[PDB]
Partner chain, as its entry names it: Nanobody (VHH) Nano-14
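Have a look below at one chain only, the form solved without the partner chain, in structure tokens format.
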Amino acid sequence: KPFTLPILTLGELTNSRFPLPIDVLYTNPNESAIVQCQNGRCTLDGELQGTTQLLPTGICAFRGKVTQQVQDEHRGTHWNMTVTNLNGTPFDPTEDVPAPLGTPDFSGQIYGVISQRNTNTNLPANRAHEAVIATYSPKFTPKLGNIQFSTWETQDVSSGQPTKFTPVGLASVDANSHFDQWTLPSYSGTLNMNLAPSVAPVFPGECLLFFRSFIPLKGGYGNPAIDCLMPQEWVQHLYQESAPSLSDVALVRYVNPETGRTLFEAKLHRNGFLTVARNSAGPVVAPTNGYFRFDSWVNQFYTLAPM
């Protein structure tokens, strides 16, 4: 089966690391960080890695049950939540994954809504409130089946009831919020296990190419973004096709459908990420109707035209 990419413009793509549309393509060659995100990880022959799963609704989502309110002398109210797999089955900490699939893969205060529907009734009671999950906290231990969240609400969260976290953005990106999209949480609070590998360009003159989404903020100053290696639709497509990879690197072209011309070339690496020959940083300015097309299988020594 020949390898293919879906025919989708940037305006038809969504982020695989947070539920956001893709806004711009982006490079940052001067970034020295180790890029080792765990969501949006899929090999070109369709094998999911890290905490990656297929549902757009599952990215940075949690499902579980609140056990109790937890003492915290900080402003705000804190709650302990058992987390399950997104399908509601109990999470097995001995499973060879880093954390339940869909778990956030970066350090920060993730802002969203906690909602509950009671199991007992002949209609059940419901409640929903804004909440924040600090993924850098020693209490963030999803690999152990347990996390904490904080609310502005002081009382109206029920113990022992089915609970859903719907992610919306970040609570803050100030100095104390520890937002760093390339810093992994400590999923067991202990060393992380079964991680998708870190990625980097191998050939001189290349940099990683990202799909960038700007992520909403509850308050404060900033223009934070989340960069993913491939959009969620690529994860989904690669998974469906399961095409054998014929080399370590696919050559792909970003093409303008109107003119049929190649805007630029990129390497699509077997592990599932893009590199380009670009020495500048920042958003990539390219036509909105453009998309990536598979050209051929090449190798690590193949030289890209500069963009």
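Positions refer to the first chain, counted from 1. Heads up, when I say rigid core I mean the largest set of C-alphas that superpose within 1.5 Å between the two forms. Residues that one form lacks are left out of the comparison.
What follows is about the form solved in complex with the partner chain, which we do not show.
Among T151, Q181, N80, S159, the residue placing a heavy atom within 4.5 Å of the partner chain in the bound PDB entry is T151. Among residues of the shown chain, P138 is not one whose heavy atoms approach the partner chain to within 4.5 Å in the bound PDB entry. Contact between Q109 and the partner chain in the bound PDB entry is found at the 4.5 Å heavy atom cutoff.
Heavy atoms closer than or equal to 4.5 Å to the partner chain in the bound PDB entry belong, across 190-227, to one residue only: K218. Once the two forms are fitted on their rigid core, between the shown form and the other one the CA displacement reaches 2 Å or more only for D72 among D92, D180, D72, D156. Core-superposed difference between the shown form and the other one: one segment of three or more residues with every CA shifted 2 Å or more, namely 72-75.
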